[PDB]
Structure formats: structure tokens, C-alpha cells
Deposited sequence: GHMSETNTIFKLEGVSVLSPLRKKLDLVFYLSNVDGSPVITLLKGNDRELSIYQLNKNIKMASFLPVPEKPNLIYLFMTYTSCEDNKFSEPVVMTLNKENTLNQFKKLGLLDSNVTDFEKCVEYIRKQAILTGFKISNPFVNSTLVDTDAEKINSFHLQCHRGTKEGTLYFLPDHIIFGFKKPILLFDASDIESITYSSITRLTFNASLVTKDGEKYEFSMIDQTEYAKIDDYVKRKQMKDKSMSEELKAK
């Protein structure tokens, strides 16, 4: 852990999960085997560390923050933490503008750059060069919608191969191929409810879904159940 082997560092990223804190993200290669590593720091003391990303990273994706065009989620599922401290998805919020200014001040992007996505394809490039991959599904036309689970609101990210529920513990991650059924209920003037039944039989009820979001949801489930019908062969 030194400045030389450090790829890029981001100060002021807002970590929501596992713990909620404004920390500094660091992406670098270990001096032992040159394997990639992610670290969340508070000053110089490390709050979190995911080692051997190329191996331990199960999933990684950029997910838009609803109604906040200048903020973007980084979402990551992993196997083992630093001494197995946490075991839940790392979710954080990068400020687009700030991330741009930092990368340019670091010389990672030319001072001429003004588009934030360039910052993304750079990160995604760094993942690829080390062993793992970070997706960017929002650029099946991936979509997301607000809805309630119980009494608390949350986002629903319908991605090409996964469905996420947005970021209030517990966070939900469905393999698209794990959906066995979907039932619609509580139809109202403006909304409806949808309960997903998985293969193992778990039922999850999502509420207050805008009726507009139905078509995208059903079709999404049909196309998945469809492809699946052929994967049995």
C-alpha cells in the first residue's frame, strides 16, 4: 500500500453499504503478487478492504441514482472481506463532477474532457486490465423504478441478467433465471403490487409500483422465462 502502485484514488465518495460514511476510495495492486485491491479509508486508517478483486468480486456495476443526474452508484458483491468483517454488497455514491475534477487533477483524463462517462470507461478499463469486470447496463433496455418494500421506499433495477432492490438493508439481488413466477395484485387508480416467487420458493412483495412500469416489468419477466424455456434443452 503505497503511492507508486496506486492506480487511482477518489476522495469524498459516499459509502452507503455496508457502513454509511464519506470515505476515500483507493484502487491498487498489492506488492506481493500484484493482484488488484479496493480499499475504503478514513484518513490513513482503513475501514474496508476487498482483496484479489479478480477472484473475490462476484458482481460490479454502475447504477444511476434516481432523480440525481450528478450522482452515480457503484455496486459490488464480493466473497470475503477484510477478515470477514462485512459480507454485504458494497454500495457507494460517486459525485460525477467531483470525480471528473479529481481524475483531471491526477492526469488520468485530459484537461479537455467534460463528459463523466469517460471517467467510467476508464474505471471499467482498469477492472478489465486487472482481472474482473464492471458493467454499465444503462448505456434489454435496462430500467429502474421506485416502489415500496413494506413501509420503506426503494429502487428496482431491472438489469439484463439481474434484478436489484435499492440499497436499504437488506439489499436484494436476484439472478434473472431464479424468477419462477410473478403475481400482480392490489391494483389501484395509480399503482399495483408485484410479488416475485423464486426457484427456492421465497416470495418478495413489492408495492406501490406505478402502473406505467407494468409493461416493462411483465415483458421483462416473459422474455426471461422464455429464454429459460430453451436453456432446459
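- Not built in the structure, per the record, are deposited positions 1 to 2, 142 to 152, 247 to 251.
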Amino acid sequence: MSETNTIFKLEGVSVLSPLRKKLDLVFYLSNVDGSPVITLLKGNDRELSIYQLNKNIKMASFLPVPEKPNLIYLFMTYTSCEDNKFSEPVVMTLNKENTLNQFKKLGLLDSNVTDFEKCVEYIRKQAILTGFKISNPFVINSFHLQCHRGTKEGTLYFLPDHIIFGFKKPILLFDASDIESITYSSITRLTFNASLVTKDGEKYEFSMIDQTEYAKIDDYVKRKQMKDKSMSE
From here on, numbers count along this sequence of modelled residues.
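- Taking the mean C-alpha B-factor of each stretch as recorded, 6 to 14 and 221 to 229 are not equal, and the higher mean is that of 221 to 229.
- In this entry, 86 to 94 shows the higher mean Cα temperature factor of the pair 86 to 94 and 153 to 161.
- Of the candidates 118, 144, 133, 148, the one whose C-alpha carries the top B factor in the deposited record is 118.
- Ranked within its chain, residue 125 lands in the middle third, by CA B factor from the PDB record.
- In the PDB entry, a CA B factor belonging to the highest third of its chain's modelled residues is recorded for residue 41.
- Per the PDB record, residue ranking by Cα B-factor puts residue 99 in the middle third of the chain.
- In the PDB entry, residue 54 places in the middle third of its chain by CA B-factor.
- Sort the modelled residues of the chain by CA B factor and residue 35 lands in the middle third.
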